[PDB]
Structure formats: C-alpha cells, structure tokens
Amino acid sequence: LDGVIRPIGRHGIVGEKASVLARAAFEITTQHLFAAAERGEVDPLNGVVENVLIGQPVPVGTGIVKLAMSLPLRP
Amino acid sequence: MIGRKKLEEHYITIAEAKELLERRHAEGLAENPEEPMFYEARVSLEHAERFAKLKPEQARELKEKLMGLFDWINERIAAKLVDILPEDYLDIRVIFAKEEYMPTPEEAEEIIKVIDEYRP
Amino acid sequence: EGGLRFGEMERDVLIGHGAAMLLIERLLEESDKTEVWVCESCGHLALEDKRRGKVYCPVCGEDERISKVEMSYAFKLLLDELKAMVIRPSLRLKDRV
Amino acid sequence: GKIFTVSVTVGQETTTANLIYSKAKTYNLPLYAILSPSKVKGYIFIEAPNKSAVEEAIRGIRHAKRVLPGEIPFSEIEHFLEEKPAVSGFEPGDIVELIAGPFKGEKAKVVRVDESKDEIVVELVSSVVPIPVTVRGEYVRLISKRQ
Amino acid sequence: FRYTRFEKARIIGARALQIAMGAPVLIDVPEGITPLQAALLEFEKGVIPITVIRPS
Amino acid sequence: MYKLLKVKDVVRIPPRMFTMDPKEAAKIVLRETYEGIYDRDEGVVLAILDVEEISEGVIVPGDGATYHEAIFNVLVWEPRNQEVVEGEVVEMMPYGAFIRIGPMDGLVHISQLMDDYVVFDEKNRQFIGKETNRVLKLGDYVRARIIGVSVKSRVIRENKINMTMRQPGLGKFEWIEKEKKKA
Amino acid sequence: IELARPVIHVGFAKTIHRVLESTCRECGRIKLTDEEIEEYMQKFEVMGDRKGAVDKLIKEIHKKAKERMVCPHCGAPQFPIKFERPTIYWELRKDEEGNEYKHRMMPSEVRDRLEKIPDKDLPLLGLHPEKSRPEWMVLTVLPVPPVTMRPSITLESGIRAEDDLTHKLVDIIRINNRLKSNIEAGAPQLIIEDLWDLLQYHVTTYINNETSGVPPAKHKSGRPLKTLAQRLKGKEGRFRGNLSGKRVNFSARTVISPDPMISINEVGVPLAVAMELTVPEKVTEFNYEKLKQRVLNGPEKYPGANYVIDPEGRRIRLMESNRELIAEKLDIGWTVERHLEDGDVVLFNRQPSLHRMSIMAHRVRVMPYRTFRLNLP
DNA sequence: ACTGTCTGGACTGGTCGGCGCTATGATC
DNA sequence: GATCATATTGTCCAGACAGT
Ligand SMILES: [Zn+2]
Ligand SMILES: [Zn+2]
C-alpha cells in the first residue's frame with residue numbers, strides 16, 4: 001500500500017496501523033502503549049479491534065447500516 | 001445546560017409567565033390525573049396570580065415602548081421595571097445603582113411619566 | 001459451573017459473518033456488561049458517592065458534566081492497569097445520535 | 001583508618017555489631033572500631049585499614065550480608081558521634097509525625113519546645129478540639145518545617 | 001433497489017426490538033409466535049416502515 | 001427572572017408512543033425529562049410550552065426507540081445576584097424569614113430585615129421592633145434584593161437563596177409608602 | 001506513594017536517553033538550528049497521517065541532534081551520554097588533564113535536566129507539551145492500584161493469599177520507608193545510593209518483571225512474580241485472555257452424535273440442556289397465553305420457565321411456591337425466561353474456528369438423550 | 001557502503017479432569 | 001511457653017550497531 005513491500009507481522013501492516021489499541025493487542029503491548037503515551041497519540045476508534053475491546057459495534061456488516069422511520073405509524 | 005443548543009432567549013414579565021402557567025395548568029387538567037403540575041409550577045402560578053399587576057398584553061406593550069424609549073436599557077431590566085412598576089425616584093435609583101449604568105434624574109422622570117399610564 | 005470461552009477465533013468468524021449485534025450480545029452483554037461514570041472535562045473516571053448521592057470527578061472537579069457510559073468490565077480493568085502503569089487514558093465522550 | 005559500611009538485617013544492628021566485635025577480639029582481627037547509630041537502620045560503620053579486613057570479619061555471620069564497595073569520608077559520620085538532644089532543631093508551628101508512643105501514626109503540630117526537660121508539646125491536627133500533649137523528642141519525625 | 005443481507009438483518013432486529021417493548025404488529029399474526037417471527041412475517045408481507053439511509 | 005428560551009434537542013420516544021402524534025409524544029418525553037429540576041445555566045425549569053418542529057426518527061443499535069431532532073420553547077426562572085424581587089412571607093423561623101418570590105423561597109437574616117434590633121415573637125410568629133415598632137406577619141407585600149445564589153445541586157429545594165433588606169427601598173409595601181410620605 | 005527519591009520509569013528509559021542525547025545539558029533547548037527547527041516543523045504537518053513517517057522523522061532528528069557537541073543556542077559544550085540497561089545513564093565527562101571518566105547521572109539530575117526543556121521543542125522530540133512532559137517520565141509519585149485490581153482471597157485453612165502486585169508494593173513501601181528514615185537520619189551518601197538503587201530495582205520489577213538485565217522478583221517459594229506488564233501481554237494477558245476473547249454466559253457443550261433424520265438447518269438439543277438454557281421473551285399481545293403457560297409449568301416441567309422479570313427490572317426466580325402467583329400477575333411488558341423450544345435459533349460452533357463457517361445458526365430440536373445432534377452434510 | 005554481531009520476541013484455538021503450593025527465627 | 005518485624009536482588013527472524 002505504501003510503495004514498499006511490507007510483512008503482515010508487528011513490523012509490517014500491523015506496525016503501521018493508526019490504532020493504538022489494535023497495535024497493542026496483537027503482539028507487542030507494553031512497548032506500543034508506552035510509545036503512544038510518550039507521543040500523546042489519539043485513538044479515533046475507527047477500527048474493529050478497538051470497538052471489540054471497548055464493547056461498541058464494529059464498523060462492518062450490520063454495523064454500517066443506518067435506519068430511519070416515520071413516527072406516525074399505525075396498523 | 002438544557003438540550004443540545006439554545007437558539008434564542010427572551011426576558012418576559014410576570015404576566016407572561018402567569019399566562020404560560022395558566023395554559024400549562026389547563027393542559028394538566030385535560031390530562032387524566034388530577035394533579036396538573038408539580039409543586040414549583042403551582043407555587044409559581046399562585047405567586048404570579050397574587051402579583052398580577054398588569055395584563056399580559058399590557059406587559060408586552062409596556063416592554064416594547066420601554067425598548068423604543070431608551071437604548072442603554074436591555075430586555076431584562078425593562079421586564080424588571082415592568083414587574084416592579086416604580087412610582088418615584090428612590091426605587092429606580094436603588095434598582096439602577098447596582099446596574100452597569102447610573103442614569104440622570106431627567107430620564108428617570110421621563111420613564112416614570114411614560115409608565116404612569118394604564119397603571120393600577 | 002463455569003462458562004464456555006468465546007476466544008479470538010470465534011470473534012474472527014463473528015466478524016467475518018458481519019454480525020455486529022451478535023458480537024455485542026456475546027462479548028459484552030452476556031459476559032461483563034457494566035456502567036461507569038466518565039468525566040467530560042478531563043476524561044478521567046468520575047466518582048459516585050453513595051453517602052451524599054452525588055457524582056463528581058476527584059482529579060478535576062466538574063460536579064455537573066458527568067455522563068454514564070456502558071462498557072465491558074475488562075476494559076475498566078485495562079484502564080485501571082494503564083493508570084497503575086503511569087499511563088493516562090483520556091476518554092472523549094460522544095453522543096449516541 | 002577508613003570507614004566502611006556493612007549491610008545487615010534491619011532492627012538487629014546492635015547484635016551483629018556485638019558478634020563482629022567478639023569475633024575480632026577472639027580471632028585478633030585488625031578492626032579499629034565499630035559504630036552502630038540507632039537512627040540508621042540496617043547499616044553499621046566499621047573502621048578498618050582496608051576493606052579486606054571488614055570482609056574477613058563479617059563472613060561466617062548469617063546476618064551480615066555484604067560490605068558496601070566504598071569509603072566514607074569522616075565528615076559524613078562526624079555528626080553521628082556528636083551528642084545532641086532530639087528536641088533541639090525543632091521550632092513551633094511546623095508539622096511533625098509521631099513514630100512511636102501512644103499516638104503512633106498521627107500527624108501533629110508543634111506548639112511548645114523546651115530543651116531542659118527534653119520534651120516537646122504538640123497538638124493533633126485531626127482532633128476537632130486542640131488538646132496539647134507531651135511527647136518525647138525522639139518519638140517525633142519532622143515532616144515539614146514552617147515557622 | 002434491493003436490500004442487502006446486513007440491511008435486512010438490521011431492519012428485522014430493529015423491528016423485533018420494537019415489537020418486544022411495544023409497537024403493535026401492523027398485520028395479523030398467529031398466536032404464540034415470537035417477536036422475531038412477527039418481524040419476519042411483517043417483512044414477508046412487505047409492510048415494514050423502517051427505511052435504510054445510504055451515503056450519497 | 002422569568003425567561004423564555006427556544007431549545008433544540010434530540011428526543012427519544014419509546015415504541016409504546018409510536019401510534020401517537022410525534023409532537024405530543026416528544027412533548028410528553030420532554031416534560032418527563034426536564035420539568036421539575038434546576039438547570040445550572042438557565043435556572044429552574046418550570047414548564048415545556050410546545051414543540052415547534054420535529055424531525056424524522058433515527059434508530060440506533062441496541063435500542064428500538066426512535067430519536068428525533070425537536071425544537072421547543074421552555075419557560076424558566078433564574079435568580080441572579082443583586083436582583084430586586086417582590087414576594088410574600090410564607091414561613092417564619094427564629095433565624096430568619098422566608099419570602100416566596102417565585103418557584104424558590106429566599107432567606108432574609110434576622111439582622112437583615114430592617115435597621116433596628118428586631119427580636120422574634122414565638123407566640124404569633126412575628127418580628128417586633130424596638131425603636132421603629134414595626135411588625136411583620138403572614139401575607140405581607142415585601143420587596144427584597146437577592147445577594148446569595150447557590151447552584152451546587154440540580155435539586156431546586158437543595159439550592160439556597162439569600163436576600164437583603166438593609167438597603168433603603170426594601171421592605172413592606174406599607175413601610176415603603178411610609179418612607180415615600182416623608183419625601 | 002510519595003517516593004523519597006525520584007526513580008526512572010523502565011518503560012521510558014530509552015526515550016529518556018534519546019531526549020538527553022538530543023537536548024542541551026545546561027541550556028535546555030534542542031540541539032538544532034532555528035532554520036532546521038522551522039523546516040522540521042513544516043515537514044511534520046505534511047506527514048502526519050502515517051505514523052511510520054513520523055517515526056522516521058523523529059529518528060532523523062535524533063540522529064542529527066546526537067552528533068552535535070556544541071549547542072547552537074548558547075555554545076555550551078556537550079558530552080556523550082551512555083545508556084546502560086535497565087535505567088543507568090553514564091556521562092563521559094572530561095577531567096582537568098583531559099582524562100575521560102564516566103559520571104553516573106542520578107534520576108534527580110536526569111529529572112532536573114528534563115525539566116528545562118521548553119514546550120516548543122517537545123514536538124520535535126516526539127512529546128506533547130500538555131499530555132507527556134519529559135520530566136514526567138521520571139517517577140516521583142507511585143500510584144498504588146485499587147484493591148479491586150489486586151483482590152485478596154482467603155484459603156481453606158484461613159491463610160490469606162495476597163496478589164503478586166501486593167507483595168511488590170509491600171517491598172516498595174518498605175524500601176521507600178527505609179530510605180526516608182535514612183535520609184532523615186543524615187546517613188552517608190554511600191547508604192543513600194544503595195537504598196536508591198534498591199528502590200529503583202523494586203520499581204522497575206513492579207513495572208515489568210521480565211526486563212532484560214534484571215534479576216526477576218521472586219516469591220518466598222521461588223515463584224517469579226508477574227506484574228502489570230505481564231498482566232497485559234501474552235496469551236493469558238488482559239487483551240487476548242479477557243478483552244479480545246472471554247468466557248460467556250448461556251452456553252453449552254457436549255459430545256455430538258449423527259442424526260440424518262433432522263434437517264441441515266436443525267440441531268439436536270438435549271432436554272436437560274434445553275431446560276437449563278433460557279431465552280428471554282417479552283410478553284406481548286400475541287404470546288401472552290404461551291408465556292403464561294410457560295410460567296405456570298415452572299422450571300421442573302417442560303415446556304416451562306426458570307426466571308421472570310417484571311417491567312421494573314428485577315429478577316424473580318420461579319419455584320413451586322410462587323409459580324401461580326407470578327402467572328396470575330403476568331402482564332404486557334414482563335420478561336419470561338422460558339426453556340428452549342423447537343424452532344429457536346442458536347449458534348453451533350466447533351473449535352478450532354479456522355473459517356467463518358465454523359459457527360452457524362441452527363434450529364433447536366429437543367431430544368431426550370445427552371448428546372448434540374448434527375446433520376451429516 | 002557492506003558485514004558480522006548483539007538484542008528482543010513469539011512460539012495454533014478450545015475442552016476434559018488431576019495435583020500440589022502460597023512463613024520464620026528471636027525475645028518476653 | 002506466646003508474638004513481631006522481616007523477609008535478596010531455545011531456533012529463527014528482524015532491527016540496531018561497531019568494524020573495515
Ligand atoms: Zn474531571
Ligand atoms: Zn544550549
């Protein structure tokens with residue numbers, strides 16, 4: 001994606017993820033959390049892993065569906 | 001903080017609050033339970049009724065002529081003057097001393113002479 | 001009388017099926033659902049005093065702007081562990097609608 | 001000679017010093033003197049020409065852990081040998097903590113200080129009414145110094 | 001315009017949740033059925049009032 | 001100080017009110033939510049008048065209720081510092097007098113009623129002066145200026161209001177007319 | 001806990017060393033020119049989305065500032081700083097005769113050096129002026145966790161079994177109290193350094209007991225204690241063991257047996273399993289009679305119910321004494337936790353879950369025996 | 001600029017049940 | 001004979017680093 005070959009481990013795609021919680025949950029927890037604390041990183045919780053950890057709906061499947069309904073509904 | 005945001009606000013006199021509380025009392029009477037509102041609303045309605053110095057239309061017209069009379073006054077102190085309805089210089093002096101302005105006696109006399117009409 | 005573990009792989013198949021509400025019901029609603037008070041000023045966890053019947057944030061104050069947020073108890077334990085590790089997590093609250 | 005530090009078990013420095021002194025007397029160790037202040041916990045001072053003598057003296061004792069690899073200047077331990085009252089160095093108006101006595105683990109404010117009777121009068125800060133109490137000077141510990 | 005599986009599942013879940021805590025059924029349903037069954041019957045009858053908001 | 005405000009808010013309407021009018025259900029929910037509490041920014045929330053505009057519903061996961069953006073008018077009463085009020089004494093206490101000035105009752109201290117060394121009379125619950133010989137009783141037109149406002153809690157009864165009567169022009173209406181007679 | 005002397009956080013030791021190498025010792029500013037500072041400030045805004053670019057920029061800035069031995073802001077000479085694991089910093093100072101000797105930088109000196117860094121140079125060093133000050137990486141106050149984070153149990157013999165964190169905090173408190181008492185007693189500097197090193201070791205083991213170059217903290221029996229770092233990482237950590245995956249309620253597990261007579265959409269559920277697992281069904285107009293019959297049957301008669309929830313939200317257990325009273329009290333809005341019936345939807349899963357087909361939804365079929373039934377296709 | 005060397009890390013999920021282990025030396 | 005402080009400080013892959 002970034003113009004260079006990247007692995008799928010902690011030094012590749014997961015390592016350059018913008019989410020702090022997703023990075024810390026996979027392989028390296030202490031180092032990623034401390035590095036985020038040093039930089040004052042902000043996690044926007046736009047991913048799936050962070051929403052799973054918190055307990056919020058994931059942005060996939062039915063989580064991206066928005067519903068509307070007209071209130072004056074009668075049988 | 002009521003709601004998400006506030007669009008507009010307005011300062012009303014005692015008579016407008018009395019009319020609104022009477023409307024709410026009628027709405028509560030239209031409801032099935034015999035209690036129209038809670039203790040505070042009923043107490044406010046009773047106080048406004050016992051201090052109903054002027055009609056709501058009279059209060060509104062006094063407010064708009066007060067707005068059109070002078071520019072340094074605002075809606076809040078105009079409604080305060082409508083509710084108090086002063087008749088001399090001592091009361092207006094002691095209610096304007098703590099305000100941001102200290103008006104000279106001539107404009108106070110003018111205010112007295114315009115609010116003298118349609119008074120009880 | 002223990003329960004059955006819903007591991008990471010089970011979460012993976014639930015995600016692949018696109019069932020967000022089922023994931024919420026399994027991992028959160030049926031396992032460790034709890035509610036906490038979060039301060040809206042500094043993001044710290046507010047304190048609820050049962051003696052006085054009031055909720056306030058001890059570090060910053062803010063006796064008024066306190067909101068209740070539901071989440072897993074494991075996440076609260078993680079926040080406590082992070083605070084014990086001299087790391088400050090600031091929870092920025094957002095309206096549901 | 002040179003002052004050396006021996007790390008020992010906390011609260012049992014006097015017995016370890018006595019055992020070291022007895023061993024040096026019996027086996028003719030080249031030990032000059034041993035100093036064990038009561039305020040210092042877990043550490044004793046032994047004067048010897050070299051640290052090898054201290055290492056040979058303290059070995060064979062379960063309660064002597066190790067000798068600190070360094071030499072203490074005499075000015076550092078000079079104030080320990082001087083005799084000063086525990087009440088002295090305390091001024092009224094500050095906050096102190098009572099280490100021992102019937103008021104263990106209580107914060108107090110110093111009210112009156114007298115060096116003649118070696119006693120210090122303090123007032124508890126957690127008490128709803130001021131009740132001055134008389135306590136020994138060595139029992140208190142200075143938390144803060146104000147006025 | 002056709003409903004996706006995720007959109008249909010979300011609509012059925014919302015309708016069943018509404019039926020569970022009120023929201024009387026707009027069509028005749030057999031007795032003893034679950035609110036999920038009532039929502040499924042409503043979807044089969046094409047009487048659902050819930051729409052889907054799509055990005056534009 | 002009575003105030004009228006236009007407030008836009010998101011209203012949650014339960015499925016049991018689906019068959020009713022959206023405006024009526026929104027008004028009922030807003031009355032159940034905001035009426036009867038004290039707001040820090042706006043003061044005492046007295047009543048919800050009507051709902052002007054209502055938007056279409058939005059369904060969020062985990063809740064079957066619909067959420068609507070509603071515009072409504074709120075009548076509120078807010079006490080401010082150094083604000084003159086007119087009221088009637090409703091309660092008498094040894095430590096002061098309580099005057100009903102609206103949804104809340106202020107407190108005037110025993111030294112604060114007038115420029116005299118007034119003492120309390122327990123038999124009739126009245127204040128009797130020494131030199132002025134003035135008497136305060138039930139149902140008296142009085143005027144006072146607020147000097148203390150407490151917004152510590154959202155409960156209206158827990159909040160306290162302190163007013164003064166030391167200053168000239170504050171007191172009973174008969175006393176005010178007596179003062180104006182000399183001038 | 002108010003520490004008598006400041007200690008270095010083991011999780012920020014490399015960052016502390018990097019910042020010390022990249023900052024002026026006495027001047028306090030970053031060892032970069034004003035033009036270079038401006039250029040890096042403009043370059044930071046361009047590359048902000050990708051954290052890798054920010055990391056490379058931080059590394060480049062640190063490398064550029066490390067080689068500088070004279071601060072451009074004040075001209076003060078600088079000396080190389082050597083980092084020794086875990087939290088030991090050495091400064092290669094120069095003697096009067098030109099000899100090079102290593103000077104140990106105490107945590108107090110490190111914190112004083114870090115305090116002089118202005119807020120403007122913090123973004124260049126990868127730190128936030130309001131969120132992460134450089135001096136906060138040197139611990140002065142240690143936050144002891146709540147007792148809920150470190151629960152204490154009692155054994156069958158009455159002996160309390162404290163947590164590993166509790167023992168580590170006991171050691172930390174004891175060492176800190178001894179250090180404070182020795183400081184108040186005017187102890188020589190040699191004792192002070194020894195107690196400071198002991199407190200630093202205890203704090204480092206408390207933060208992470210698996211630090212390289214550190215003997216791990218051991219229990220009395222010889223058990224290596226696990227600390228806050230071990231509670232988050234690993235398979236049994238907070239993330240993988242409790243956050244990404246956890247045990248759940250309303251679940252069952254038993255041996256499976258073939259059943260060709262049922263459809264592929266159906267699963268055979270034991271009667272004992274069905275009578276234990278419950279589905280909460282709200283009382284509506286079209287199912288009041290069925291749920292009333294379920295309540296009347298009770299937990300011991302299939303099809304029945306085990307619990308009943310009133311609209312107020314409280315849970316009432318159903319037994320023989322009160323099954324009739326609850327049944328005649330049932331109304332719209334109540335919740336009845338009835339037993340599993342035919343046609344109910346359940347999740348059927350086999351481990352390991354290699355693909356998304358490992359969990360599928362079936363239809364409940366109640367069978368008398370004790371085994372799950374799955375169709376052969 | 002290459003090249004060998006030091007250091008850090010992760011080690012497939014679930015389930016079944018069992019079997020230990022969570023003080024001690026020195027006064028008063 | 002009862003209590004009290006104290007109790008120690010396994011191969012392989014990838015990134016960073018002295019050496020030539
Ligand atoms: Zn706060
Ligand atoms: Zn400089």
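Heavy atoms only: backbone and side chains are in, while hydrogens, waters and symmetry mates are out. Naming: A, B, ... by sequence-line order, numbering from 1 per chain.
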Atom pairs, N/O to N/O, protein against nucleotides 6-8 of chain H, distance under 3.5 Å?
| unit_1 | atom_1 | unit_2 | atom_2 | d |
| --- | --- | --- | --- | --- |
| H/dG8 | OP1 | G/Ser212 | OG | 2.9 |
| H/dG8 | OP2 | G/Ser212 | OG | 3.4 |

Give the rounded distance in Å between these two atoms: [atom1] of [X] and [atom2] of [N].
X        : N      : atom1 : atom2 : answer
G/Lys82  : I/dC17 : NZ    : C1'   : 11 Å
G/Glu156 : H/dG20 : CD    : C1'   : 11 Å
G/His219 : H/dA23 : NE2   : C1'   : 9 Å
A/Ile28  : H/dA10 : CD1   : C1'   : 11 Å
G/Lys59  : I/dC17 : NZ    : P     : 9 Å

Exercise for review: Compare the minimum distances between each of H/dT22, I/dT9, H/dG13 and the side chain of G/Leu155, then state the nucleotide with the smallest one.
Suggested key: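 Comparing H/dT22, I/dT9, H/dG13 against the side chain of G/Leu155, the answer is H/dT22.
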Practice item. Indicate, with a heavy-atom threshold strictly under 4.0 Å, whether G/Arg174 touches base, sugar-phosphate, or nothing. Key: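 Contact class for G/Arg174: base.
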Check your understanding: Across the strands shown, which category fits D/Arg62 at heavy-atom distances under 4.0 angstrom: base, sugar-phosphate, nothing?
Key ->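 D/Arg62: no heavy atom of the nucleic acid under 4.0 Å.
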Practice item. Counting Watson-Crick and G-U wobble pairs only, both distances under 3.5 Å, name the nucleotide matched with H/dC2, or none. Key: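 I/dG19 - that is the nucleotide pairing with H/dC2, both distances being under 3.5 Å.
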Review point. Who does H/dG14 pair with, Watson-Crick or G-U, both distances under 3.5 Å?
Key: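 The base-pairing partner of H/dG14, which may sit in any strand shown, does not exist here.
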Review point. Stacking between H/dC6 and H/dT7, judged by six-membered ring centres under 5.5 Å and planes under 30°?
Key: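 Yes, stacked.
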Practice item. For the residue pair G/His167 and G/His219, categorise the inter-ring angle as parallel (less than 30°), tilted (30 to 60°) or perpendicular (more than 60°). Key: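 Rings of G/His167 and G/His219: tilted, 30 to 60°.
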